[PDB]
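Chemist: Below is a structure I'd like to ask you about.
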Amino acid sequence: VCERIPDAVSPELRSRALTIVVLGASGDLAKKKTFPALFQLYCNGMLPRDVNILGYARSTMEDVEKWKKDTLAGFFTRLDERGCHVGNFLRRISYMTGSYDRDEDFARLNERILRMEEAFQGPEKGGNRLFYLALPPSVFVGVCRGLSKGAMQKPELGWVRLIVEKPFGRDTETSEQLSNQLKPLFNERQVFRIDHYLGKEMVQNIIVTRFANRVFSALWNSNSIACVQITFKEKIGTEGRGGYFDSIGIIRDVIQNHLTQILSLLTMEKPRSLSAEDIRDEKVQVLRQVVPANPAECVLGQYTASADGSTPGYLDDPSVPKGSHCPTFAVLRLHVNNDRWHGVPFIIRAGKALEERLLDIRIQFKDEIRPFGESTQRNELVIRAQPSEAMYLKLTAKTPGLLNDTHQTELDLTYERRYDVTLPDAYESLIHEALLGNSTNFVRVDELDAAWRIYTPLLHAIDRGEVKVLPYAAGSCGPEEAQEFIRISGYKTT
Amino acid sequence: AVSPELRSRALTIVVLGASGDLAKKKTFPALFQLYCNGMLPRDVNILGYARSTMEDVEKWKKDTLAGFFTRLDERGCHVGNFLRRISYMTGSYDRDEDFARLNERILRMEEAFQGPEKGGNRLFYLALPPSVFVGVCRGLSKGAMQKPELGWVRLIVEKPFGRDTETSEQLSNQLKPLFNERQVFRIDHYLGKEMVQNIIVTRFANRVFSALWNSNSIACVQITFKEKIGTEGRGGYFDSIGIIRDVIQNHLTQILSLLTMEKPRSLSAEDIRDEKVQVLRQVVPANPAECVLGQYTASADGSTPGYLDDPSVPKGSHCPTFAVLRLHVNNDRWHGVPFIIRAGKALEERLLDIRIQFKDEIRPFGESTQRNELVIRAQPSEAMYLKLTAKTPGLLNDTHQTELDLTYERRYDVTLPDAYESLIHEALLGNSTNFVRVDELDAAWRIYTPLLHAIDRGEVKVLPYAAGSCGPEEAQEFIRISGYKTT
Amino acid sequence: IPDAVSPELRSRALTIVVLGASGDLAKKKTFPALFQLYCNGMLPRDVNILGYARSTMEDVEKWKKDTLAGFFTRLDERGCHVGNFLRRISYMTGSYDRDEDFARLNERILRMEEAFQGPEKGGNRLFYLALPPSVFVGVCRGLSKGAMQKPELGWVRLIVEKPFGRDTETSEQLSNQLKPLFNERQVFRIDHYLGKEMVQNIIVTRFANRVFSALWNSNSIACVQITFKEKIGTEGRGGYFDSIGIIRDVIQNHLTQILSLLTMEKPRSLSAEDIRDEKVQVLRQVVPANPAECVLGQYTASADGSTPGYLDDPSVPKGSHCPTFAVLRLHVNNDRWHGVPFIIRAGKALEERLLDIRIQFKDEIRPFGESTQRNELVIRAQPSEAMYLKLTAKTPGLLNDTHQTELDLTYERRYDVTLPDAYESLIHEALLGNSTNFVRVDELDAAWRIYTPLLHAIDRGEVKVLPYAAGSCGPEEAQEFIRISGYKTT
Amino acid sequence: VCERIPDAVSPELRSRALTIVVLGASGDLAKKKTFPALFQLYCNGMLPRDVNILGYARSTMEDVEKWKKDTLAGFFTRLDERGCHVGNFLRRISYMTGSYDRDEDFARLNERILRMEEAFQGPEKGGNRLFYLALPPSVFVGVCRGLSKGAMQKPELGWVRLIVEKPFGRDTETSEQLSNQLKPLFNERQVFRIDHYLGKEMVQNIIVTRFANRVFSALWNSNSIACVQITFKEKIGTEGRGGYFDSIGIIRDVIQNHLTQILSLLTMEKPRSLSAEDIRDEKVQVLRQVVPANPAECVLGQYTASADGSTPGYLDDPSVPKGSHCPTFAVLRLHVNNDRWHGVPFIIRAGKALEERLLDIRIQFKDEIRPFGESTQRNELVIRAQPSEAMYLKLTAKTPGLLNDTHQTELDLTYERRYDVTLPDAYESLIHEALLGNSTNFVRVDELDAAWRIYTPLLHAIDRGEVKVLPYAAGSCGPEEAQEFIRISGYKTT
Ligand SMILES: [Cl-]
Ligand SMILES: [Cl-]
Ligand SMILES: [Cl-]
Ligand SMILES: [Cl-]
Ligand SMILES: [Cl-]
Ligand SMILES: [Cl-]
Ligand SMILES: [Cl-]
Ligand SMILES: [Cl-]
Ligand SMILES: [Cl-]
Ligand SMILES: [Cl-]
Ligand SMILES: [Cl-]
Ligand SMILES: [Cl-]
Ligand SMILES: [Cl-]
Ligand SMILES: [Cl-]
Ligand SMILES: [Cl-]
Ligand SMILES: [Cl-]
Ligand SMILES: [Cl-]
Ligand SMILES: [Cl-]
Ligand SMILES: [Cl-]
Ligand SMILES: [Cl-]
Ligand SMILES: [Cl-]
Ligand SMILES: [Cl-]
Ligand SMILES: [Cl-]
């Protein structure tokens with residue numbers, strides 16, 4: 001049932017105007033993730049009453065109000081509680097057809113931004129501008145140069161922040177050139193490199209789990225931990241738009257960015273404070289100590305057609321080039337060369353067209369050899385980030401009853417069972433943090449370099465045809481070689 | 001489903017003191033459950049031996065005895081068949097003629113056995129008043145024993161085991177020539193509770209608890225016993241015992257030994273009992289300065305009368321119905337770790353739990369965090385939960401306290417056995433691990449005797465508290481000052 | 001003399017200006033260290049050492065030969081180089097407050113820089129400020145105003161000596177007065193303890209070895225003691241001391257540097273800022289010393305009469321309550337050091353000359369009990385630079401029976417090395433642009449924050465100052481306080 | 001200079017007569033080790049004034065006084081301080097010719113002992129009789145049966161203790177049969193199985209080093225220790241008497257007994273007390289958790305002639321059978337399957353005809369990866385039991401002086417340079433402890449079984465000709481394959 005939206009905007013966003021410009025408003029990401037997150041933040045009353053959401057793309061628009069009502073509003077989610085606010089929120093959105101390379105079209109955008117900023121009834125003159133760059137990577141530097149050249153606020157009249165989306169190059173060299181191309185354009189402080197995993201409720205809780213608790217603090221090192229596994233599983237393939245993926249692969253898409261962020265949070269030292277800089281300095285520090293993934297210590301897969309025929313093979317896609325050896329699956333063994341993690345194996349898994357949708361972290365502890373031996377098995381801390389948010393500790397306990405034996409049990413915490421809260425999407429958090437000027441859950445220039453350095457030797461070997469890409473039926477668990485590799489790497493299954 | 005060892009030879013379970021409140025309320029019901037579980041042989045001989053000159057045994061068995069049996073909605077059809085196994089005998093606890101009469105009957109039952117071995121195993125359950133104990137033991141040893149190489153003889157013995165080190169040592173010396181330690185099964189029913197039996201698994205089958213179980217990670221250990229009930233009617237018995245001798249010396253010291261012991265050499269009985277004795281021998285004797293005592297007064301409204309309002313209770317009695325103690329374990333694992341042992345009657349709730357409180361993680365969260373805590377609740381509802389700090393779910397960067405819970409009533413369909421089912425079974429299976437050993441008993445009395453003597457000399461102050469309240473206010477301040485951080 | 005000069009010192013001119021050349025510190029510590037670095041071939045042979053002071057001396061050559069050269073040490077090996085080195089020293093009478101005199105200084109440095117036969121046209125300037133604290137900001141303003149080297153023609157580095165204020169407020173003031181004058185990068189705040197061979201080895205002992213690394217936390221360590229003892233009193237310079245006290249003189253600076261190196265976390269690298277960031281970090285977690293957790297002393301005359309009482313000095317004001325002795329219990333509020341007591345000791349007119357670090361480990365209760373006692377890692381920085389670990393071992397022979405033994409390392413026995421003075425290292429490091437063994441602006445603030453509440457309680461007459469005979473071990477109350485604080489002896 | 005002997009006999013030995021019977025007095029072990037140790041114990045005033053030393057053997061005597069003066073006294077050591085006491089001590093020794101199998105001669109042995117016991121002027125009647133069995137293993141059970149049958153003291157009139165020398169079988173089965181053959185003859189308490197390593201100053205200090213000190217206690221487990229090495233080196237070969245060695249080998253001679261005792265003391269848990277059975281219970285406990293040595297994880301050698309010709313080859317000995325594959329050298333990798341030692345490699349080395357005489361223990365700790373990396377190396381705890389008794393900890397420190405580099409240093413303790421004490425021979429301690437009834441430094445029946453169980457699968461593989469025995473020149477460091485095996489096993493060289 002429909003209810004009033006509070007004026008709960010952060011006080012640091014009240015005094016001056018607010019213009020959120022979504023560059024690439026026509027794009028799949030903006031319609032599926034950006035505009036829905038803005039709607040939820042508006043409904044939560046976390047954005048000002050008078051925000052200006054400006055869509056800008058090359059798409060010509062015959063009816064912006066039909067696009068807003070039919071296309072945009074279709075992707076909004078809590079419509080049984082917030083369906084009434086759709087109209088009011090959409091009243092805040094405006095659209096603009098413009099190029100990503102022509103200066104006049106960038107003078108147009110700024111003139112509209114000035115026009116909206118002048119409409120403000122609050123105390124301070126000027127305005128704060130947040131730019132969401134949801135564009136194809138071929139136009140990125142074009143937009144950045146254009147925005148920096150003449151879409152910036154006057155000095156001492158409001159902050160200008162830039163939310164930037166992946167891809168961030170294809171390896172160390174291509175990424176480094178993009179970072180150098182952006183260095184004269186904007187300060188590091190104004191760039192907000194999005195990796196949506198850093199906005200997931202269970203990824204945001206890693207740092208608390210680890211450093212607010214002595215139980216995990218005392219155990220979080222090579223003396224107690226035997227193996228660390230990071231898993232990404234998807235039932236969906238890379239169909240329709242599979243030619244886009246052929247150029248990327250599973251390592252560049254999921255492993256380099258998303259699962260390396262989880263790796264940095266799980267392996268970092270305790271931060272000097274909970275400041276952004278202090279947290280990101282520990283993230284860079286550990287990533288700089290990860291030995292580059294080696295081709296011998298990995299397994300790759302590419303999905304074939306499903307047992308029945310429902311899901312077609314990866315190569316059946318017309319966008320996919322003939323005889324492509326692009327991996328849709330990868331399992332890697334990683335080593336962190338420091339005194340906390342010496343000898344602890346890190347198993348990173350990511351695959352498409354698998355048996356289930358999964359995102360979890362598995363901290364498997366050493367066995368307690370005596371006095372139980374075979375009557376016991378490795379404890380494990382499991383943090384499952386999706387489908388259902390849960391954290392559970394797997395242990396051994398006496399079989400309940402008159403029978404004197406052991407069994408495996410769990411000390412569980414299930415978020416759907418424990419809390420009434422309808423959790424926010426990763427993009428709600430991240431967009432909010434960017435408005436609150438909080439950089440901790442945003443990839444730093446050096447944090448990005450450190451990530452590419454782990455995977456580039458491997459990515460290049462793959463691209464040279466040096467690493468074998470094994471087939472697997474869509475809907476199966478992946479190649480059989482992968483489970484043997486996982487076993488041999490150090491992970492004891494349950 | 002009987003043990004193959006129990007199949008071969010006759011089995012005679014003799015309950016000495018069958019007319020007593022313990023036998024009817026705890027022994028016979030546990031025997032019924034083992035019989036129903038098919039853990040006892042079908043041709044088992046349960047022989048009640050007491051001073052009661054009762055006329056109608058069949059009426060006693062049907063009306064009195066059967067009334068205390070529990071799963072009658074599931075296994076109450078077997079009442080008749082089980083009761084058909086029970087026989088009764090009037091006899092004295094001091095006359096050889098009455099034990100000769102006992103040996104005579106057990107023999108007439110053993111000879112009736114249709115199995116392979118011509119002898120017969122004897123388990124004696126001594127549920128007697130302590131003034132007749134040595135009398136019975138001498139009588140049973142003199143002429144109620146089984147012939148060599150024709151079946152074992154096992155003696156289950158109930159508390160009290162003296163009142164201090166000297167009186168207990170006396171009793172152990174009186175029993176030494178009568179039976180060998182292996183034959184003696186000293187019952188402490190806490191060692192039969194599902195959560196107490198899981199201590200050893202929790203601690204030594206898991207690296208998570210193993211790594212953390214020492215002074216580097218643990219800040220404080222608390223053992224709690226709470227009862228809403230007072231000395232309701234039978235206050236004259238309690239007056240002579242007190243809360244330390246009743247609960248703390250036996251029950252909570254068993255929990256203390258299992259929580260503080262080193263890792264055993266194996267899961268054998270003596271290897272486990274050797275570690276229990278070892279730690280108890282390193283507990284510094286409780287000091288009168290490091291304790292708080294209470295005696296309950298009438299409840300705020302009047303429902304529960306005061307301890308001294310009981311006519312069985314002598315005038316001006318300074319008997320403690322409540323006690324909180326701080327204990328120190330003088331070894332390298334537990335150096336500096338405070339142990340808080342709590343036991344009281346007429347309190348706010350029924351509770352039996354263990355609290356392992358870990359050190360605070362000072363940085364980087366400071367006030368945004370609080371000590372982790374591993375809580376093991378043995379009753380009212382068998383639970384094990386680990387208290388932690390986590391980010392408040394949602395669109396806010398704050399912290400909150402959460403739990404990684406395991407609740408046995410929610411997780412399992414198993415209707416758990418009574419403490420006496422386990423122990424009686426273990427005694428038939430000849431497993432001594434959950435039975436107080438002669439030296440284990442001495443080590444326990446040595447911790448509390450200096451304190452008990454100080455109390456008995458009128459050296460320790462016994463503070464009043466309203467029945468139904470949390471006890472004296474001095475106790476919570478003592479707990480705080482002892483090392484335990486409240487939430 | 002070898003050509004062991006660093007290549008950055010070679011291309012450009014080098015001018016080392018010693019401001020306060022007539023001062024006791026200059027003749028006793030600065031000029032002797034410069035001589036050793038010249039002899040070692042660590043300084044260019046065409047170096048310009050310019051003494052700048054208020055002294056109106058007539059004969060510089062006599063001052064250099066008789067006064068200066070008298071304090072030089074290896075003269076059985078380097079006596080022949082005295083002449084050549086002294087030929088590099090020049091002197092210049094001038095004020096610390098007149099711009100014309102600093103202009104005259106700038107004028108001289110430029111004439112010297114123009115005389116250089118090397119490739120570059122500019123010149124590197126190192127200024128050693130060995131001045132009384134009342135003229136400090138005067139000199140800094142004058143030097144910054146017009147004694148600086150042109151842009152892209154050489155670095156300007158400033159070596160600054162203690163006192164750095166008298167508490168947090170006075171120190172903060174001085175740091176703010178210097179902020180617009182020089183970039184922190186150029187400022188080299190000297191604390192000579194960071195140049196001592198045993199203090200320089202703390203970081204290696206601790207983080208290059210798993211034996212000490214595994215043991216360096218509250219689980220294994222029971223007590224940490226830092227000791228400073230001197231047989232010498234004020235002896236002549238009492239009024240000079242009266243205004244400072246033992247805490248401001250030794251404890252706040254010297255022993256807090258040892259405290260930071262002993263308590264810091266493992267650095268991200270061996271870079272200056274990575275090391276100095278861990279030093280600031282721990283100091284920011286030391287709970288401020290409390291007046292209840294300390295013992296103070298002031299020496300009286302020695303049992304016989306040899307050493308007179310502190311108050312017998314005419315420079316010392318009548319009825320002065322200045323402490324010549326202090327023992328303190330300090331707490332470091334972090335997860336590595338929670339519950340570990342830190343006992344910091346410093347006193348004058350005591351039984352012996354000592355500077356050592358004592359890490360006392362927890363007792364192994366069982367199976368030896370009374371047959372054993374706490375292990376101890378002792379690092380003695382002077383009189384005889386050594387490191388030894390105190391342990392329990394079986395009594396050798398047909399007995400059993402335990403005894404206390406040591407696994408020793410004595411530097412004068414094991415090495416033929418004749419170690420450099422603390423000032424040789426640091427002066428060298430300042431020329432090499434290495435800031436790791438120099439007090440950072442924030443590192444200084446963090447140090448004063450520990451002692452200022454206590455220093456103020458002392459200055460308000462709130463803390464009792466107990467007497468002790470010169471040559472004794474100090475007040476008896478101090479030993480009992482040490483015992484009660486957590487330290488056990490035998 | 002010559003001085004009076006004190007009456008420093010332990011009070012428990014003062015009360016009743018003492019008869020030390022050396023069975024096999026003509027033997028090389030008695031003349032080289034037993035009688036010299038007795039002389040030192042007599043000189044120390046640790047034996048009664050009126051002891052009776054009775055030599056018993058098969059060897060006919062032509063002049064006992066000449067054997068005593070010329071042969072026996074020749075092996076006595078401190079003759080510049082104790083040369084004057086030689087006469088007085090030798091006056092206590094008597095000799096007896098007799099068999100090791102005929103009862104007739106054991107009745108004579110009992111007859112002489114009672115005669116000596118009756119001569120006692122002290123309080124208590126009867127006598128304490130210590131039997132030192134220095135016999136060839138073919139007569140062992142013969143002697144034990146004879147001594148038990150009728151050379152035992154009357155009940156409640158004095159203890160009868162038996163010192164028994166190696167060999168204790170050749171594997172588990174042969175050892176077990178010998179222990180069962182002795183079970184009805186004597187109680188375990190009365191048997192004192194000698195392993196002379198348990199009498200060495202540095203071996204006796206292991207237990208103190210480890211459990212009286214928190215520095216070593218905290219560090220003594222898999223979290224800090226990377227590798228543990230036990231070394232035995234001898235310059236001597238099997239010169240003249242090779243026939244006896246051929247039947248034994250280096251594993252049965254040194255590794256199974258001597259170095260496994262060092263292994264048990266280095267790996268055991270902390271004892272419940274310093275009582276004999278509390279210490280011996282921990283020794284059995286760890287030995288019962290050592291995985292049996294595997295043929296794949298070992299290197300064997302047999303010495304050839306020295307580079308010059310001084311020391312001849314092992315096979316050049318006529319006592320040595322033709323084409324013998326007996327190992328004079330062995331290096332093994334051992335694993336202790338418990339939570340303290342999981343993953344820690346144990347390297348056990350023993351060889352004859354090597355470069356030097358050595359007996360040392362090396363406890364190599366894990367590297368400290370950061371911040372020093374290559375500027376540092378693994379710390380090590382070295383306990384050298386002979387030639388010179390030193391204990392030293394190897395560490396990294398700053399190079400003294402101006403130079404800001406690192407170097408390797410030591411925190412040393414050398415016993416000849418820190419104590420004035422002329423240390424006793426291993427046999428002085430052990431004989432003394434046997435008189436003082438202290439069993440802690442004597443192999444227990446179960447401790448012996450646990451030792452054989454580690455080496456028997458390997459010994460049998462060797463005896464079946466399944467393990468390769470590599471040659472090495474006498475005086476060299478052994479086969480080159482051994483140093484590569486040591487490296488690969490986990491030990492990082494100096
Ligand atoms: Cl197809
Ligand atoms: Cl989901
Ligand atoms: Cl839950
Ligand atoms: Cl490459
Ligand atoms: Cl004790
Ligand atoms: Cl909750
Ligand atoms: Cl649950
Ligand atoms: Cl016992
Ligand atoms: Cl008492
Ligand atoms: Cl703080
Ligand atoms: Cl010195
Ligand atoms: Cl010494
Ligand atoms: Cl030395
Ligand atoms: Cl203040
Ligand atoms: Cl005679
Ligand atoms: Cl005997
Ligand atoms: Cl044997
Ligand atoms: Cl054992
Ligand atoms: Cl085992
Ligand atoms: Cl030697
Ligand atoms: Cl030495
Ligand atoms: Cl055993
Ligand atoms: Cl075999």
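Note on naming: chains are A, B, ... as they come in the structure tokens, residues start from 1 per chain, ligands start from 1 in the order shown.
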Using only C-alpha atoms, which protein or nucleic acid residues come within 6 Å of segment 151-157 of chain B? Drop anything in the same chain fewer than 5 positions from it, and give the result as a PyMOL selection string.

Modeler: chain B and resi 119-126+183-187

Chemist: Counting only C-alpha atoms, what is within 6 Å of segment 194-199 of chain D, bar same-chain residues fewer than 3 positions away, as an MDAnalysis selection string?

Modeler: chainID D and resid 164:165 203 258 426 429:430 441:442

Chemist: As a ChimeraX atom specification, please: the residues near segment 160-163 of chain D (cut-off 12 Å, only C-alpha atoms, same-chain neighbours under 2 positions excluded).

Modeler: /D:18-23,34,126-135,140,143-144,147-148,150-158,165-166,182,185-196,427,430-439,441-443

Chemist: Need the shell around residue 86 of chain B: protein/DNA/RNA residues with any atom at most 9 Å away, counting only C-alpha atoms. Skip same-chain ones fewer than 6 positions apart. Format as an MDAnalysis selection string?

Modeler: chainID B and resid 44:48 61

Chemist: Can I get the selection written as a short mmCIF file (atom, residue, chain, number, x, y, z; two decimals), in the first residue's frame, with N, CA and C atoms?

Modeler:
```cif
data_model
loop_
_atom_site.label_atom_id
_atom_site.label_comp_id
_atom_site.auth_asym_id
_atom_site.auth_seq_id
_atom_site.Cartn_x
_atom_site.Cartn_y
_atom_site.Cartn_z
N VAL B 44 15.44 -59.33 30.33
CA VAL B 44 16.18 -58.60 31.36
C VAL B 44 15.46 -58.73 32.71
N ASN B 45 16.22 -58.85 33.81
CA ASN B 45 15.58 -58.95 35.12
C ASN B 45 15.80 -57.70 35.94
N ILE B 46 14.75 -56.89 36.10
CA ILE B 46 14.83 -55.67 36.89
C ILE B 46 14.29 -55.98 38.28
N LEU B 47 15.20 -55.95 39.27
CA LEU B 47 14.88 -56.30 40.65
C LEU B 47 14.94 -55.11 41.57
N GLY B 48 13.77 -54.71 42.05
CA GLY B 48 13.65 -53.65 43.02
C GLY B 48 13.87 -54.24 44.39
N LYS B 61 3.65 -50.98 40.37
CA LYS B 61 4.19 -50.96 39.01
C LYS B 61 3.25 -50.25 38.01
#
```

Chemist: Select, as a PyMOL selection string, those residues of chain D with any atom no more than 8 Å from chain A (distances computed using only C-alpha atoms).

Modeler: chain D and resi 222-223+337-339+368-370

Chemist: Neighbouring residues of ligand 17 are defined here as those with any atom at most 8 Å from a ligand atom, counting only C-alpha atoms and all ligand atoms; list them as a PDB file with N, CA and C atoms, in the first residue's frame.

Modeler:
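After the write, out32.pdb holds the following:
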```pdb
ATOM      1  N   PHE D 168      68.217 -54.831  20.188  1.00  0.00           N
ATOM      2  CA  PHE D 168      66.902 -55.186  20.692  1.00  0.00           C
ATOM      3  C   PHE D 168      66.070 -55.709  19.492  1.00  0.00           C
ATOM      4  N   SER D 175      62.014 -58.150  17.823  1.00  0.00           N
ATOM      5  CA  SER D 175      62.067 -57.343  19.035  1.00  0.00           C
ATOM      6  C   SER D 175      60.942 -57.767  19.994  1.00  0.00           C
ATOM      7  N   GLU D 176      59.698 -57.908  19.459  1.00  0.00           N
ATOM      8  CA  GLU D 176      58.482 -58.309  20.173  1.00  0.00           C
ATOM      9  C   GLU D 176      58.681 -59.669  20.826  1.00  0.00           C
ATOM     10  N   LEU D 178      61.628 -61.029  21.687  1.00  0.00           N
ATOM     11  CA  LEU D 178      62.586 -60.832  22.781  1.00  0.00           C
ATOM     12  C   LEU D 178      61.909 -60.210  24.010  1.00  0.00           C
ATOM     13  N   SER D 179      60.989 -59.244  23.811  1.00  0.00           N
ATOM     14  CA  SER D 179      60.278 -58.609  24.924  1.00  0.00           C
ATOM     15  C   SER D 179      59.336 -59.599  25.644  1.00  0.00           C
ATOM     16  N   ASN D 180      58.706 -60.509  24.867  1.00  0.00           N
ATOM     17  CA  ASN D 180      57.833 -61.559  25.377  1.00  0.00           C
ATOM     18  C   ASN D 180      58.640 -62.642  26.104  1.00  0.00           C
ATOM     19  N   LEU D 182      61.335 -62.084  27.819  1.00  0.00           N
ATOM     20  CA  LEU D 182      61.782 -61.416  29.046  1.00  0.00           C
ATOM     21  C   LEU D 182      60.646 -61.102  30.037  1.00  0.00           C
ATOM     22  N   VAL D 191      64.028 -53.654  34.402  1.00  0.00           N
ATOM     23  CA  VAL D 191      64.807 -53.665  33.151  1.00  0.00           C
ATOM     24  C   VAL D 191      65.158 -52.220  32.753  1.00  0.00           C
ATOM     25  N   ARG D 193      66.899 -50.626  29.668  1.00  0.00           N
ATOM     26  CA  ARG D 193      67.347 -50.713  28.290  1.00  0.00           C
ATOM     27  C   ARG D 193      68.164 -49.455  27.928  1.00  0.00           C
ATOM     28  N   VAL D 445      59.498 -50.813  27.110  1.00  0.00           N
ATOM     29  CA  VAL D 445      59.070 -51.902  26.228  1.00  0.00           C
ATOM     30  C   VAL D 445      58.210 -51.414  25.035  1.00  0.00           C
ATOM     31  N   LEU D 448      60.042 -48.956  22.512  1.00  0.00           N
ATOM     32  CA  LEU D 448      60.894 -49.749  21.654  1.00  0.00           C
ATOM     33  C   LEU D 448      60.049 -50.236  20.488  1.00  0.00           C
TER      34      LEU D 448
END
```

Chemist: Quick one: of A:76, A:211, A:89, A:491, who's nearest to chain C, counting only C-alpha atoms?

Modeler: A:211

Chemist: Just want the 12 Å neighbourhood of residue 143 of chain C, counted on only C-alpha atoms, with same-chain residues fewer than 3 positions away dropped. Output as a PyMOL selection string.

Modeler: chain C and resi 17+19+95-106+125-129+136-140+146-149+156-158+178+181-182

Chemist: For chain D, work out the contacting residues on chain C at 8 Å, counting only C-alpha atoms, and write them as a PyMOL selection string.

Modeler: chain C and resi 197+200-201+204-205+207-211+214-215+220+266-270+361-364+366-368+371-375+387-389+391-394+396-398+402+406-409+417-420+424-425

Chemist: Would you return as a ChimeraX atom specification the members of segment 170-404 of chain D that DSSP assigns to strand (DSSP E or B) on this structure's backbone?

Modeler: /D:191-193,225-233,290,298-304,329-334,336,346-351,358-365,380-386,390-398

Chemist: Please provide as a compact mmCIF listing (two decimals) with N, CA and C atoms, in the first residue's frame all residues within 8 Å of residue 279 of chain B, with the sequence filter that same-chain residues fewer than 2 positions apart are discarded (counting only C-alpha atoms).

Modeler:
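Now in part06.txt:
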```
# COMPACT_ATOMS: atom_id res chain seq x y z
N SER B 257 35.72 -29.04 34.04
CA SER B 257 36.78 -29.97 33.63
C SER B 257 36.79 -30.23 32.15
N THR B 260 38.05 -26.97 30.25
CA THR B 260 39.43 -26.57 30.54
C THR B 260 40.52 -27.63 30.28
N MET B 261 40.11 -28.93 30.18
CA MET B 261 41.06 -30.02 29.95
C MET B 261 41.87 -29.87 28.67
N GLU B 262 43.03 -30.56 28.61
CA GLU B 262 43.91 -30.60 27.44
C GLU B 262 43.32 -31.62 26.48
N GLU B 275 42.73 -36.45 31.67
CA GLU B 275 42.83 -35.02 31.36
C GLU B 275 41.93 -34.21 32.29
N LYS B 276 40.78 -34.79 32.68
CA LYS B 276 39.82 -34.18 33.62
C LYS B 276 40.48 -34.00 34.98
N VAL B 277 41.11 -35.06 35.52
CA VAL B 277 41.83 -35.03 36.80
C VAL B 277 42.96 -34.02 36.75
N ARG B 281 43.34 -30.67 39.12
CA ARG B 281 44.46 -30.65 40.04
C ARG B 281 45.25 -29.35 39.97
N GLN B 282 44.91 -28.46 39.00
CA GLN B 282 45.55 -27.17 38.74
C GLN B 282 44.60 -26.00 38.96
N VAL B 283 43.39 -26.26 39.51
CA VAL B 283 42.44 -25.19 39.81
C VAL B 283 42.82 -24.71 41.19
N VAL B 329 42.57 -21.21 36.95
CA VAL B 329 43.21 -22.45 36.52
C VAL B 329 44.71 -22.11 36.28
```

Chemist: Using only C-alpha atoms, determine which residues lie at most 9 Å from residue 261 of chain C, disregarding the query and same-chain residues fewer than 2 positions distant; provide the list as JSON, numbers by chain.

Modeler: {"C": [199, 202, 203, 256, 257, 258, 259, 263, 264, 265, 278, 279]}

Chemist: Tell me the residues of chain B close to chain D, meaning within 12 Å using only C-alpha atoms, as a ChimeraX atom specification.

Modeler: /B:204-207,210-211,216,262-266,271,274-275,277-279,281-282,331-333

Chemist: With a cut-off of 8 Å and counting only C-alpha atoms, select all residues of chain C in contact with chain B and give the selection as a ChimeraX atom specification.

Modeler: /C:218-219,333-335,364-366

Chemist: What residues have any atom no more than 12 Å from ligand 11 when counting only C-alpha atoms and all ligand atoms, and can you list them as number ranges by chain?

Modeler: C: 193, 196-198, 230, 353-356, 380-386, 411-412, 418-422
